[PDB]
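S.K.: I have a structure I would like to understand better, so I am pasting it below and will then ask my questions one at a time.
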Amino acid sequence: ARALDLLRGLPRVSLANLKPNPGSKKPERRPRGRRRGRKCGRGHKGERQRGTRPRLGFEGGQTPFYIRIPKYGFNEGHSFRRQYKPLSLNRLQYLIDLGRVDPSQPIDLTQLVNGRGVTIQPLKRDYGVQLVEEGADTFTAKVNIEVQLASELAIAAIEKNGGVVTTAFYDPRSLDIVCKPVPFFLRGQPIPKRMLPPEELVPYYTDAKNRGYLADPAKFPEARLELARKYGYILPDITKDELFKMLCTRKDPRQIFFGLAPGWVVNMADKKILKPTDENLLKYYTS
Amino acid sequence: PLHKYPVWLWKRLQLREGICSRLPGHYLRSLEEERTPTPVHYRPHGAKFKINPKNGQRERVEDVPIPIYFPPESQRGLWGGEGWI
Amino acid sequence: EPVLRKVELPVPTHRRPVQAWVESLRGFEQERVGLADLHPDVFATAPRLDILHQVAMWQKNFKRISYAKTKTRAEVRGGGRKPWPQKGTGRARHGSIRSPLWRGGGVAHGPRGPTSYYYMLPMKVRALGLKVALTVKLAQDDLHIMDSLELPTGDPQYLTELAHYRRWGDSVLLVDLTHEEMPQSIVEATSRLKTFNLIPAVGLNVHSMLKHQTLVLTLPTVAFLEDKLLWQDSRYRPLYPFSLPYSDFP
Amino acid sequence: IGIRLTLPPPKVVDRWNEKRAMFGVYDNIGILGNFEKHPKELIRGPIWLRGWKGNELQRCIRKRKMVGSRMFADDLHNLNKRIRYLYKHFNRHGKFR
Amino acid sequence: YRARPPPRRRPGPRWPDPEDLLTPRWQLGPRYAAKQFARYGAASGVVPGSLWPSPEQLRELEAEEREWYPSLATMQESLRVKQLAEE
Amino acid sequence: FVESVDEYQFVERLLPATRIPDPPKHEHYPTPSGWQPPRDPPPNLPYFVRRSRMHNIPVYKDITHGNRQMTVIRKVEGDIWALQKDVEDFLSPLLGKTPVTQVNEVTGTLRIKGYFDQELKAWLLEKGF
Amino acid sequence: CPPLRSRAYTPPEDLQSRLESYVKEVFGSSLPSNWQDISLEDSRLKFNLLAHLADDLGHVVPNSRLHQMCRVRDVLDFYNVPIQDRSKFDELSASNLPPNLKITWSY
Ligand SMILES: [Mg+2]
Ligand SMILES: [Mg+2]
Ligand SMILES: [Mg+2]
Ligand SMILES: [Mg+2]
Ligand SMILES: [Mg+2]
Ligand SMILES: [Mg+2]
Ligand SMILES: [Mg+2]
Ligand SMILES: [Mg+2]
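Protein chains in written order, with PDB author numbering: chain M, 10 to 296; chain X, 2 to 86; chain F, 45 to 294; chain i, 32 to 128; chain q, 25 to 111; chain g, 38 to 166; chain h, 52 to 158.
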């Protein structure tokens, strides 16, 4: 290129010649000279100049603004509230279009994260992924998707294409594991069991409307059909298609990963999986 | 400069070179052990966790002992562990 | 048998590969033994002189720890009492004899303790740094590609007189792929030569390349450099440190 | 008066001693070596300072908690006093609030 | 000159010497030993059996779960009663 | 107490990749999201606009002072001045006035005053970038 | 070791026909019309051509300019440029000096 041809002519690039990009380095102001010398940008002598100004939010005597306002519980229990990261249908479709999220396999949290489709911070009170209505139209893909929360419209959107959506609860200790499995594998601990929802979320997951993982599968077909009526689409038969087996697969309530049963240990270095044999342990993990 | 070993270790470290080194093993082990006395002046928390009535969140608890002073007269008798608070 | 080399890693459609002459250290007149194609993204990117400066400055400063300290007024010995009463004498009023004003006093604002100047430029920036430095070397006829760093003899005067014959210049940086599998002959020669320096591939940096007038590379090392620097773009953001296992990294 | 009256001995700097020649080699240990080591593992020096940067106050806090046990009685008293000073300086003094 | 041989990771697992007082509490712990197995495998690590809970620990885990995480039956049971009170 | 097995395909499925995948072949373009691969062979022009890592057109909205709105075109190689005048002629009927442009020839970027991100993305896609 | 050779180069008169000879050697006896148009996309042939020219003429295409040699015309146009190699004292001393000017050299 032309720039490289200019370099042919110029003397060698060496440790002498290097200069910063103009504007990057602004020189510092020192309280020397005549301009910045006397009083050095501090004003005339007072509380200000001696550097003993009162703390921030002190109004010189009168009841400060922040204090005089009444207290109200805008943030009363902020740390205990659960947060769901939103995944749009647009986002999901675009991930499938670029081959980042694989439709020939089921989608869960772990697949999405690995796809860089989402960022989840368990520590920051994130409790997984919420599936949002946005971009319901121009969503044309048939997938088995797993999300903690979904809106009825987004359920409808997925089931119109012939996909299957279900909601499954993840406890914080399960979530950090599922999002980043490789670090957990290096912790040397055996896989724990996914805990059941708290009392207030039991009614949610034991409901066919939300497509809960603890909802009665006998209550599923009529629910699917009711949603099909309301949004006026012909509800397709899933059993007919080739990929039916894949759309069937659902991890059980106490399972975090697809093949890996709780209480197993993964030895990464020699690519082995160690099982317990002990009756006590087996009883404990199978509960 | 820095001392090689933290200063708090010196008591332990000195037991290893002198007359204390050639003391019997069982005595040194009895000296080392650091088990807590039974509560005398404080009602302990029953459980490892407890629910906060404030926020309704289950929180860990610890048992923190009151420091007890024993005057030298206590050595000449049998106080059940009661000292001056 | 001519020594030909092509680029293994895929090139962009609009870009075309650059060529370099291939020579060997075996003979004085053993230039032009082969031809090589180099990946244009590593070896023919935009000359970004600001980047060289950035990387170079980080390289010089990030390791630096300052050892200078001075005692403040509080840390100087003595100086407890008030030297004389305020009011009484004609003297100027003082609170301690160890104040900054006094001779033998503590320092007002001095070097304070061991100081670290550690910071990290982003990875992609350091990577780009290496790229620029390599383009710049080839643009200015300061870069040479070799089949192997194999010498007819370990006599260190042979290496100096060859550089003189080939107009390399006063200082030459020799890069090999691995430390263990460096030839005997080059190690012997370079051990007792000040201006000529032998490093493994992983050693290579912006500072040395700028310091030395010539950069000499082997064909093993050129494929290696291409791999790693080209890996830097066309990768995702990390989920966790790359030292950990991935499905396709090492 | 206070100015020298002869030229000092000339200083010769050997730019091609081993330390100058191999300066900054392995700074690219990470990107060129599969990320086995961070470059911050080339830093030598104080325990409380390897691959970390902070103001004076922060440096003192850190030295107190990391080598606080092992340091000399009078040194530690000086360090506890430093922290007290700097705490008040930074929190209670200055131009801007 | 020749470059000083490159920096490396310490090859294989490191075991601290428990007699030495300089060795901190975390290194001598069982949790450290687990991590050594995970990283370096059975080839160089600890006995694989050790990785699970002891009968005593499992006893404590059983007590923990019973007291803090109720069954689905009893949760539905609790809701049923409290919801009924609402009507 | 312990038994060892090699049924390990499930763990392999969990490991993520460092490299961003190449977009798979599609029946026709555009895609449902609207993504479109670049025209092959590349368009014969003085300048070229290379895509991002995620195979997108490098056009970005930018803001400063909370009132200065800008649009940036990056990853430009070849004669940028040519791209400048092309962007100029394209944007001028939309604005009426000729848009005010900064050219960073060292960086290889083009900055335009106001948000034209959508129009410029379209235009560059049309041109075959 | 052979003595260091001068970087000075003067293009010969018969450069055209010499390049004719070299191309017809490497690409074979049968030669299409407008031989200047022959592309050097082929890596092996590029090497062969440039080696022959480098060995005889004494002047070599540098690493920097190698990718610029796309076509045979490009090689011809490259060899017709002269290189004259002398220190700046020598070039100024014989550069039509006015008699009042004097230059000396203390290196
Ligand atoms: Mg002033
Ligand atoms: Mg004055
Ligand atoms: Mg004051
Ligand atoms: Mg004092
Ligand atoms: Mg005083
Ligand atoms: Mg006084
Ligand atoms: Mg002093
Ligand atoms: Mg911005």
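Even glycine gets a Cβ: it sits at the ideal position worked out from N, Cα and C.
Among 133(g), 148(g), 132(g), which one has its Cα closest to the Cα of residue 139(g)?
M.R.: Ranking 133(g), 148(g), 132(g) by Cα distance to residue 139(g) puts 148(g) first.
S.K.: Which of helix, strand or coil does DSSP assign to residue 275(F)?
M.R.: Correct three-state label for residue 275(F): helix.
S.K.: If you follow the beta strand (DSSP E) that residue 190(M) is in, where does it begin and where does it stop?
M.R.: Segment 190-195 is the alpha helix (DSSP H) holding residue 190(M); no beta strand (DSSP E) there.
S.K.: Just the chain F side, please: which residues come within less than 9 angstroms of residue 57(g) by C-beta, in chain order?
M.R.: In chain order: 278, 279, 280.
S.K.: Using the DSSP secondary-structure output, state which residues sit across from residue 107(g) in a beta bridge.
M.R.: Residue 107(g) pairs with 99(g), 150(g).
S.K.: Per DSSP, what kind of secondary structure is residue 177(M) in: helix, strand or coil?
M.R.: Looking at residue 177(M) - three-state DSSP - the assignment turns out to be coil, as it is neither helix nor strand.
S.K.: Taking 8 angstroms as the CB-CB cut-off, is residue 53(X) touching chain M?
M.R.: Taking Cβ atoms only, chain M never reaches closer than 8 angstroms to residue 53(X), which makes this a no.
S.K.: Can you pull out the residues from the region 71-104 of chain i whose beta carbon lies closer than 7 angstroms to at least one beta carbon of chain X?
M.R.: Here the close residues are 98, 100, 101, 102, 103.
S.K.: In the DSSP assignment, find the unbroken alpha helix (DSSP H) run with residue 228(F) in it and report its ends.
M.R.: That run of the alpha helix (DSSP H) goes 228-235.
S.K.: If you follow the beta strand (DSSP E) that residue 64(F) is part of, which residue opens it and which one closes it?
M.R.: Element bounds for residue 64(F): 62-67.
S.K.: With C-beta atoms as the reference, is residue 230(F) less than 8 angstroms away from residue 218(F)?
M.R.: Yes; because the gap between Cβ atoms is below 8 angstroms, this pair is in contact.
S.K.: Which chain M residues are close to residue 35(q), counting only those with a beta carbon under 7 angstroms from its beta carbon?
M.R.: Within chain M, no residue comes near residue 35(q); the closest Cβ sits about 13 angstroms away, beyond 7 angstroms.
S.K.: Return the CA-CA distance between residue 62(i) and residue 123(F), expressed in angstroms with no decimal places.
M.R.: Cα to Cα, the separation comes out at about 55 angstroms.
S.K.: What first and last residue would you give for the alpha helix (DSSP H) that runs through residue 41(g)?
M.R.: Premise fails: residue 41(g) lies in the beta strand (DSSP E), 39-42, not in any alpha helix (DSSP H).
S.K.: Grouping DSSP H, G and I as helix and E and B as strand, with all else coil, what is residue 53(M)?
M.R.: Coil, per DSSP.
S.K.: Checking 8 angstroms against the spacing of the C-beta atoms, do residue 191(g) and residue 106(M) come in under that value?
M.R.: Absent from the model: residue 191(g). The displayed extent of chain g is 38 to 166, so no value can be given.
S.K.: Would residue 21(i) be called buried (16 or more neighbouring beta carbons within 10 Å of its own) or exposed?
M.R.: Summary: the structure shown does not reach residue 21(i), with chain i confined to residues 32 through 128, and so no result is reported for it.
S.K.: Cβ of residue 123(F) versus every heavy atom of ligand 4: is any distance shorter than 7 angstroms?
M.R.: Yes - ligand 4 has a heavy atom lying nearer than 7 angstroms to the Cβ of residue 123(F).
S.K.: Nearest chain i C-beta to residue 28(q) closer than 8 angstroms, yes or no?
M.R.: By this cut-off, residue 28(q) is an interface position.
S.K.: According to DSSP, is residue 114(M) helix, strand or coil?
M.R.: Three-state result, residue 114(M): coil.
S.K.: Tell me whether residue 102(i) sits in a helix, a strand or coil according to DSSP, three-state version.
M.R.: Strand.
S.K.: Could you work out which residues of chain h lie near residue 182(F), taking near to mean beta carbons separated by less than 9 angstroms?
M.R.: Ordered by position in chain h, the residues that pass the 9 angstroms Cβ test against residue 182(F) are 114, 115.
S.K.: Between the Cα of residue 240(F) and those of 85(i), 48(i), 33(i), spot the shortest distance and give me the residue it belongs to.
M.R.: Here the closest residue by C-alpha is 48(i).
S.K.: Am I right that residue 7(X) and residue 100(i) are in contact with their C-beta atoms under 8 angstroms? What's the rounded C-beta distance?
M.R.: Correct: roughly 4 angstroms between the Cβ atoms.
S.K.: For residue 277(M), go through chain F and note every residue whose CB falls closer than 7 angstroms to its CB, in chain order.
M.R.: 289, listed in chain order.
S.K.: Taking Cβ-Cβ distances shorter than 8 angstroms, what residues in chain i pair up with residue 60(M)?
M.R.: Neighbours of residue 60(M) on chain i, chain order: 124, 125, 126.
S.K.: Could you tell me if residue 21(X) is buried or exposed, where buried requires 16 or more neighbouring beta carbons within 10 angstroms of its beta carbon?
M.R.: Exposed, by the Cβ-count rule.
S.K.: For the alpha helix (DSSP H) that residue 318(F) lies in, which residues bound it at each end?
M.R.: Missing from the structure shown is residue 318(F); chain F here goes from 45 to 294 and no further.
S.K.: Is residue 287(F) helix, strand or coil by DSSP?
M.R.: In this structure, residue 287(F) counts as coil in the three-state DSSP scheme.
S.K.: Just tell me which of 99(F), 282(F), 170(F) has its CA closest to the CA of residue 273(F).
M.R.: With distances taken between Cα atoms, residue 273(F) lies closest to 170(F).
S.K.: If you follow the alpha helix (DSSP H) that residue 96(F) is part of, which residue opens it and which one closes it?
M.R.: Looking at the DSSP string, the run of the alpha helix (DSSP H) that includes residue 96(F) is 93-105.
S.K.: Is it true that the CB of residue 67(q) sits closer than 8 angstroms to the CB of residue 195(M)?
M.R.: No, these two residues do not count as a Cβ contact at 8 angstroms.
S.K.: Is it buried or exposed, residue 34(i), if we count other Cβ atoms within 10 angstroms and call 16 or more buried?
M.R.: Classification for residue 34(i): exposed.
S.K.: Just checking my contact of residue 60(X) with residue 49(X) at CB under 8 angstroms: how many whole Å lie between their CB atoms?
M.R.: So it is not a contact: roughly 11 angstroms between Cβ atoms.
S.K.: Looking at the C-beta of residue 269(M), does it have a partner C-beta in chain g at a distance below 8 angstroms?
M.R.: So, interface residue.
S.K.: Nearest CA to the CA of residue 248(F): which residue from 262(F), 236(F), 238(F), 92(F)?
M.R.: Looking at the Cα atoms, 262(F) is the closest of the given residues.
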